[PDB]
Amino acid sequence: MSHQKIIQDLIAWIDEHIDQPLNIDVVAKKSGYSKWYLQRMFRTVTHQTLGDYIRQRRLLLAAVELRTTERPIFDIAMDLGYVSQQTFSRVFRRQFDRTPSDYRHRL
DNA sequence: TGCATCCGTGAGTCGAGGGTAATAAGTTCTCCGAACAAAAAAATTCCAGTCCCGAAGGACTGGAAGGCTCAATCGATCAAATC
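Header annotation of the entry names cryo-EM as the structure determination method and lists the resolution as 4.2 Å.

K.L.:
Would you mind going over the protein's contact with DNA strand B with me for this structure?
P.N.:
Near DNA strand B you find 13 residues, and of these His 3, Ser 34, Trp 36, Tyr 37 and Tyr 82 are the closest. Sugar and phosphate atoms form 67% of the subset of DNA strand B atoms that lie within 4 Å of the protein. Taking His 3, its side chain carries an N or O atom lying 3.1 Å from a phosphate oxygen of DNA strand B. Class assignment for the residues of the surface near DNA strand B results in seven nonpolar, six polar and no charged.

K.L.:
Can you walk me through the packing of aromatic side chains in this structure?
P.N.:
Given two aromatic rings, one states the distance between the centres and the angle between the planes to describe the pair. Counted under the stated rule, the structure contains five aromatic pairs. Considering the side-chain rings of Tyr 33 and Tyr 37, the 5.0 Å spacing of their centres and the 65° angle between planes classify their relative orientation as edge-to-face. Classification of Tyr 37 as partly exposed rests on a relative accessible area of 25%. Residues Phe 92 and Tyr 103 carry aromatic rings whose centres are separated by 5.4 Å and whose planes lie at 90° to one another, so their mutual orientation is edge-to-face. Of this pair, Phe 92 sits in helix α7 (residues 85-95) while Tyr 103 sits in helix α8 (residues 101-104); the two residues are eleven residues apart in sequence, bridging distant segments of the chain.

K.L.:
Whenever I open this one, the UniProt feature "DNA-binding region" in chain A confuses me. Can you help?
P.N.:
Per the UniProt record, "DNA-binding region" is found at residues 25-46 and 73-96. Note that residues 25-46 is 68% helix and 0% strand, and that its end C-alpha atoms are spaced 21 Å apart. Between the C-alpha atoms that bound residues 73-96 the distance is 18 Å, and the span itself is 62% helix and 0% strand.

Criteria and thresholds
- Residues numbered from 1 in each chain as written, not as in the entry; some residues may be left out.
- Chains lettered and ligands numbered in written order.
- Part of a larger assembly, values for the part shown.
- Heavy atoms only, no water.
- Near = heavy atom within 4 Å.
- Polar contact = N/O pair within 3.5 Å; in protein donor to acceptor, adjacent residues only side chain to side chain.
- Nonpolar A, V, L, I, M, F, W, Y, C, P; charged D, E, K, R; others polar.
- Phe/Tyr/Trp six-rings, centres within 6.5 Å; stacked < 30°, edge-to-face > 60°.
- Buried < 20%, exposed > 50% of the residue type's maximum accessible area, 1.4 Å probe, protein only.
- Helix = DSSP H or I, 4+ residues; strand = E, 2+ residues; numbered from the N terminus.
- UniProt positions renumbered as here; feature names shortened; annotations may be inferred.

Set out below in structure tokens:
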């Protein structure tokens, strides 16, 4: 099996258990690889970060789960990768130049 | 015209048990023919013997293709704090 098939399955791996408390080290058990072999191969194809990749969409899916539902932000930290809200809001201001609170108020 | 003659008829099945018996010659003499014999094929059963893409199979050569340790240094995790 060539390597361009695996990252097609690696992105067919991730988007189904984002509401789960998921990490990179369980991907390496499911893909059988080591913990380090995931992060070299993503740069030949995407030229982005795969360590922050599973952390990017826990903003992007909390950009619709907070947006559609009436969920408050202090349960997003304990499940979607963090421990407190003071770090979750900072990753948003580097990505899309916004704060989480005034992200919904903009119709 | 009888009178005298004769042909052609008569319920249906189960059965229950099988078929007799009379007297009747001899001689030689001789071709028509049998099955056993006893060969003479011809037909099969047997037995090794050369050919040929495959025949269980090993190896080879060849490009491809592979797993996970570290370490300067990035970025962000953690956790007191703080508007």
